[PDB]
Amino acid sequence: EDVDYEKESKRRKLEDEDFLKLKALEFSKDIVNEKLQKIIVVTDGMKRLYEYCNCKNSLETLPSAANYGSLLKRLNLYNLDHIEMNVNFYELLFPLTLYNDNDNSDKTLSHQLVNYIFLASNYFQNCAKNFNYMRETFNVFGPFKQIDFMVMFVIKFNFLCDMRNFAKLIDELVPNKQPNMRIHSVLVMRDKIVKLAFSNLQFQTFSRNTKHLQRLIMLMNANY
Amino acid sequence: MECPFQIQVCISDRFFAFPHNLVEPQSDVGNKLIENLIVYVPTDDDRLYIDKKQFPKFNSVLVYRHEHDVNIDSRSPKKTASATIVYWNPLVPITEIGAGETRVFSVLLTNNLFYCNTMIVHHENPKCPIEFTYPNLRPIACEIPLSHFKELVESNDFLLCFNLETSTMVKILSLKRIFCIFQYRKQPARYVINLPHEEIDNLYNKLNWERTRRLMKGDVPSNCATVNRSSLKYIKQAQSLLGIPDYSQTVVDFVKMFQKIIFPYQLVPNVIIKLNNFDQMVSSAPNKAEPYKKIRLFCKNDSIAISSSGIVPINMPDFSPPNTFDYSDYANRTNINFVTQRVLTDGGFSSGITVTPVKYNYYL
């Protein structure tokens with residue numbers, strides 16, 4: 001018999017060496033993030049609306065949008081109050097930060113990502129800056145009970161198509177288990193000014209076969 | 001203060017990273033299992049490196065930054081058995097607890113945690129890391145660790161930096177985080193620090209208090225540390241007087257070199273006396289002027305020990321008042337003066353001479 005612990009103490013001493021190796025394994029880069037997986041799956045994922053989307057230049061308003069608005073009049077059947085008027089900017093963008101740019105890249109991509117981020121920022125800034133005008137120019141096509149939600153959806157969808165394009169372009173950058181710290185912080189402060197833009201966007205709302213468009217609504221809401 | 005009843009602390013340096021595994025679903029008596037779980041953290045930064053999916057045992061998991069409120073402040077905190085709660089390396093006292101006994105997993109013993117149910121699962125890490133400061137550099141983002149994971153493994157010379165606004169507690173936290181991983185590393189990486197360090201030396205004193213707090217239950221580890229001014233200036237000067245083949249040579253070198261001769265000469269080096277002399281506290285202690293902390297020093301099989309002040313018999317108070325006294329016929333002022341005058345004449349010296357008799361202790 002040997003009741004003293006020293007045996008197991010030596011056992012722990014042996015174990016200790018593994019520690020750093022195990023931790024590095026636990027910190028290595030991952031295969032693909034489920035967030036971008038979901039995004040890419042949902043894109044083209046239902047009833048060809050994603051292929052209906054052809055508007056472009058990411059810097060425009062009502063680009064002949066009345067054509068789709070005609071079918072949105074039918075969509076007005078649905079309870080578009082399920083659409084959030086806020087834009088989960090940071091939340092949706094978060095998966096995009098899982099990239100050590102020192103690897104899986106020439107470290108150049110950072111600049112393109114920052115440019116795209118500022119582009120989105122200015123996009124939403126102009127949208128808020130002219131929403132009322134946008135209200136009037138789309139009410140040209142007929143009032144609806146939820147024209148606010150319809151315009152918000154139009155903005156979101158318009159962006160999201162280009163977002164899809166941007167992802168398919170910068171495809172297969174391999175995600176880290178963790179977001180980039182610096183890029184994440186920049187994102188955070190950008191989202192600070194974004195939410196401040198939401199606040200500035202003081203307004204009042206105008207107030208099932210959803211299961212397809214319900215997917216898009218969830219995605220806009222960052223449901224997971 | 002104390003930990004309120006039904007809370008326990010697990011300290012382990014390994015907990016510097018979140019030990020997702022260990023936690024288990026708490027339940028109330030009556031098997032009222034509580035899959036609701038909340039965790040409090042110093043920062044959302046912490047949350048960034050925590051995976052929900054680790055916890056399929058639970059269906060309900062949320063995490064927030066701790067905030068030390070006012071109104072609920074109590075020795076006895078609020079209770080809420082409806083959810084399990086954990087705090088991860090908390091800095092400041094907690095106001096609310098979860099189902100059953102709550103448990104906290106932390107690396108550092110705060111004063112708040114003094115009288116507490118505690119476990120440490122400590123193990124000895126041998127490899128002491130080191131500082132070096134020449135004034136190539138590894139630059140570090142001196143807070144986020146995993147930013148520099150593998151970097152710290154690979155390189156061994158790292159810069160340390162802060163923005164002004166940091167709370168002292170946050171500084172202490174991050175620093176403590178460093179040294180654990182460094183002792184896990186296989187080589188003595190060299191710290192470089194961009195700070196005037198004086199108050200940092202003060203928090204090092206605080207580390208001393210903390211580590212003693214550990215030692216109340218701890219490993220009695222051979223933990224390397226040092227005074228950082230009163231030591232270092234004098235050590236630098238001593239080497240300077242010496243030949244300086246390696247200005248970078250570790251102190252412990254000199255230490256053990258001197259150690260080689262102790263037993264053969266059975267006496268204390270002036271070097272080691274100046275150590276335990278010129279610390280603020282663990283010394284003669286200029287804080288209070290307490291050379292009374294003489295070193296009684298013993299070695300295997302000895303019938304006797306070496307004091308700061310000569311050989312002593314074992315386990316006795318440095319000198320018996322009863323003695324073969326330095327009887328004043330010796331060390332009489334008169335004879336002292338006479339001999340001193342002889343000396344002065346012989347030297348032809350005007351000034352700067354003083355004399356004193358020897359004195360003796362237990363042994364002569």
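Considering the Cα trace of chain B, what is its radius of gyration and what is Dmax, both in angstroms?
My reading of the Cα-based Rg and Dmax gives 28.2, 98 Å.
Quick one: if you stick a label point 7 Å off each Cα along the C-beta vector at B:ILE72 and A:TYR50, how many nm between them?
4.4 nm
Using a 7 Å offset from the Cα along the Cα-to-Cβ direction at both B:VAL220 and B:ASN332, what is the distance between the two label points in nm, to one decimal?
Once both label points are built, they end up 5.3 nm from each other.
Given points 7 Å out from each Cα along the Cα-Cβ axis, report the A:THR205 to B:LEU232 separation in nanometres with one decimal.
6.2 nm
With all distinct Cα pairs included, what does the Kirkwood hydrodynamic radius of segment B:14-154 come out to in Å, to one decimal, could you say?
17.7 Å
Most exposed first by the Cβ proxy, i.e. fewest other Cβ within 10 Å, how do B:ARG65, B:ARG47 rank?
Ordered by Cβ neighbours within 10 Å, fewest first: B:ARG65, B:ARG47.
Take every DSSP beta bridge with both residues inside chain B and express the antiparallel ones as a percent of the total, to the nearest 5.
20 percent
Averaged over all directions, how much area does the convex hull of the C-alpha atoms of segment B:80-210 cover when projected, in nm²?
10.2 nm²
For chain B, give me every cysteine whose Cβ has no other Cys Cβ within less than 4.7 Å, ordered by residue number.
So, B:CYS10, B:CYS180, B:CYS299.
In segment A:44-90, what trypsin sites (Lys or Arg not before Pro) fall in a loop by DSSP, with at most 12 other Cβ atoms inside 10 Å? Write out the running numbers ahead of the final one.
Numbers: sites: A:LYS47, A:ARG48, A:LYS56, A:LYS73, A:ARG74; in loops: A:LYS47, A:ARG48, A:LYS56.
Passing sites in segment A:44-90 are A:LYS47, A:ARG48, A:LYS56.
Past the 23 Å Cα-Cα mark, which pairs from A:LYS10/B:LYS53; A:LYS21/B:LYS186; B:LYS150/B:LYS176; B:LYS256/B:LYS294?
Listed pairs above 23 Å: A:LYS10/B:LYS53.
Give me the log10 of I(q) over I(0) for chain A at q = 0.12, 0.15, 0.16 Å⁻¹, as the Debye formula computes it from C-alpha points; what are the numbers?
After summing over all Cα pairs, the log10 values are -0.73, -1.06, -1.18.
Just counting partner chain Cβ atoms within 10 Å, what average do the residues of peptide B:144-153 show around their Cβ?
Partner Cβ neighbours, averaged per residue: 3.
With a Förster radius of 41 Å, plug the Cβ-Cβ distance of B:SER27 and A:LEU119 into 1/(1 + (r/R0)^6) and report the FRET value to the nearest 0.05.
Values: r = 52 Å, r/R0 = 1.26.
The formula returns an efficiency of 0.20 here.
State the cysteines of chain A left without a partner when partners are defined as other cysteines whose beta carbon lies under 4.7 Å away.
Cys with no partner Cβ under 4.7 Å: A:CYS55, A:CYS127.
Name the residues of segment B:152-196 whose amide N is less than 18 Å from a point 7 angstrom out from the Cα of B:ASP253 along the C-beta direction?
Of the residues in segment B:152-196, B:188-191 have backbone N under 18 Å from the label point off B:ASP253.
Going through segment B:304-364, which chymotrypsin sites (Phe, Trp or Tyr not before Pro) have at most 14 other Cβ atoms within 10 Å and a DSSP loop state?
Filter output for segment B:304-364: B:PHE325, B:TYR327, B:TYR330, B:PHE349, B:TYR360, B:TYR363.
Taking 8 Å as the Cα distance limit and 6 or more residues as the minimum spacing, I'd like the relative contact order of segment A:36-160 as a percentage.
43 percent
Helix-only estimate, please: 222 nm mean residue ellipticity of chain A, summing -39500 (n - 2.57) across DSSP H runs of length 4 or more and dividing by its residues, to the nearest 500. Before the final figure, lay out each step's value.
Numbers: 9 runs with 132 residues, N = 224.
Per the formula, -19000 deg cm²/dmol.
Could you work out the Rg to Rh ratio of segment A:16-122, with Rh taken as the Kirkwood radius (inverse of the mean 1/r over all Cα pairs)?
Reported Rg/Rh (Cα atoms, Kirkwood Rh): 1.10.
What is the log10 of I(q)/I(0) for the protein assembly as shown, computed with the Debye formula using one identical point scatterer on each Cα and no solvent, at q = 0.08, 0.10, 0.11, 0.12 Å⁻¹?
Rounded to two decimals, the profile gives -0.80, -1.09, -1.22, -1.34.
Given axes a ≥ b ≥ c from the Cα gyration tensor, I'd like to know whether segment A:146-200 is rounded (a/c under 1.5), prolate (a/b larger than b/c) or oblate.
Because a/c hits 1.5 or more and a/b fails to exceed b/c, segment A:146-200 counts as oblate.
Would you calculate the volume per residue, in Å³, of the smallest convex hull containing every Cα atom of segment A:110-189? Can you show the working numbers first?
Values: hull volume 9.8 nm³, N = 80.
Measuring per residue, one finds 123 Å³ for the Cα hull of segment A:110-189.
Cβ coordinates were reconstructed from backbone atoms using ideal geometry, including for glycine residues, and neighbour counts include every protein chain displayed. Each reported figure results from applying straightforward, stated rules to the coordinates on display, with no laboratory input.
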